[PDB]
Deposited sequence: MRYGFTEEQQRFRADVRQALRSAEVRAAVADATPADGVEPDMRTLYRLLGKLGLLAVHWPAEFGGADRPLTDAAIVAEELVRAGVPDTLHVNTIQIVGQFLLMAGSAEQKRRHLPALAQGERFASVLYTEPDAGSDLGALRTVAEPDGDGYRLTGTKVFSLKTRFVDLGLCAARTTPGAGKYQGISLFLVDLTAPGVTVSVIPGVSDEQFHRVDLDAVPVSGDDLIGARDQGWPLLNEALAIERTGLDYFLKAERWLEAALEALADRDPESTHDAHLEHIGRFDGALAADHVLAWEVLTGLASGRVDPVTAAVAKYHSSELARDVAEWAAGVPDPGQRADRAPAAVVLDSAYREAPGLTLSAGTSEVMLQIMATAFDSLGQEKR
């Protein structure tokens, strides 16, 4: 083991950090930060991040990347959030939809789709959840009935973020209904401009809003079914497990703990808070290590669902605990004055309930952990 980073990694971090601290970036970050229930357009910021080559530094150069190790993209992700960049568009486009075309797409689809994502010109979101399919995702009823060498998709997708701002939708559909719960399912890269797509908002307490996507006989080209036909169910699970690190929640918790310290520091002398500050800073320390534990292994081809579930659970739960505690830290004057710490923590409280629900619920993470109890290589 070695806790901490290589001098070469620290030098690459410092250049990213400096690149994100320019006037151009800081101005655009100010304009795009969700706050007070308003979710601003981020397309300009992300164009600028693509120009700086920061969106997908670990992708192949043919596709917009810089051929860097995966751990280098984790260092960028860290510094993006520490510089104020709202990251949900990055997580859905680069870390979920982008990672999935890399893993399961053909050269024809990899080349047609990946580059505009790496440049911040095009965006995607994940259209899995349905009104009757949340935790029970195999209950999805969206159907992709054949049309020549293409398909027509009819269904209802709910509770996605950023969707009214994006171009593409990774959509799970039954290419063979009647095939049993977890059979007959394929993935589509749906063009959200196509006829039959209606996107609308489901208001939520968070700054970033949820969406309903109605699909009424939407045409999907055959070259947009990505992965093996009807083998969609295993592909979603593989993609989710590869995606799970806990890094994104670790960074929300670090931001919020740091906002709460800012609020407290700019105020007269806090014996009440000391214990929470201590435990939260230690749990953050544990959580940084767990997150990088899964990235290290992912960097070396090792996939390990249990350690990834541990990190997701520990980090999402900690971020909720930090948000709940820290929302009470700003005093009335700071709330009245809109001290930036207060703004950030008001957002955090309203965001917190989702963290133990998105990308696998806390209950499903525990189920995945119990998997280890039946393994002979437990110790």
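**Q** Could you sort out which parts of the deposited sequence are absent from the coordinates (no C-alpha) and give them as ranges from 1?
**A** Missing CA coords at 270-272, 383-384.
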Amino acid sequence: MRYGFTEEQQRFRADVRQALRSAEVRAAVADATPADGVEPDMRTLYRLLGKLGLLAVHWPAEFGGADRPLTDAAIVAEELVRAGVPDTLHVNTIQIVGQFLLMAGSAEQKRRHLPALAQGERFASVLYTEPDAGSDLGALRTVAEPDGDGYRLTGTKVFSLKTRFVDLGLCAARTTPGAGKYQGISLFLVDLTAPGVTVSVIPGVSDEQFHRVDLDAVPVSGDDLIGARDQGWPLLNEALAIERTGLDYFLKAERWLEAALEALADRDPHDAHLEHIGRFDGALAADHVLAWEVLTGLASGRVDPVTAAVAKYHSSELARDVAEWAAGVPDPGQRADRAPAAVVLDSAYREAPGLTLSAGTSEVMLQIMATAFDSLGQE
From here on, numbers count along this sequence of modelled residues.
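**Q** Out of 62-70 and 329-337, which stretch has the higher average CA B-factor listed in the record?
**A** Comparing 62-70 with 329-337, the higher mean C-alpha B-factor belongs to 62-70.
**Q** Highest mean C-alpha temperature factor of the two stretches 189-197 and 73-81, which is it?
**A** It is 189-197.
**Q** Between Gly105, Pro86, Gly120, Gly282, which one tops the list for C-alpha B-factor in the PDB entry?
**A** Result of the comparison over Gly105, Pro86, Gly120, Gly282: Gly105.
**Q** Just grab whichever of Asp287, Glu275, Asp224, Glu208 has the top CA B-factor as deposited.
**A** Most elevated C-alpha B-factor of the set, per the entry: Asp224.
**Q** Compared with the other modelled residues in the chain, in which third is the CA B-factor of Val158?
**A** Middle third by C-alpha B-factor.
**Q** Quick one: classify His270 as lowest, middle or highest third of the chain based on its Cα B-factor.
**A** Highest third - that is where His270 ends up once the chain's C-alpha B-factors are sorted.
**Q** Report the third (lowest, middle or highest) to which the CA temperature factor of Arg255 belongs, ranking only the modelled residues of the same chain.
**A** Its C-alpha B-factor, which the entry lists for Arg255, ranks in the lowest third among residues of this chain.
**Q** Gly204's Cα B-factor: lowest, middle or highest third of the chain?
**A** Answer is lowest: the recorded C-alpha B-factor places it there.
**Q** With respect to C-alpha B-factor, does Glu262 fall in the lowest, middle or highest third of the chain as deposited?
**A** Lowest third.
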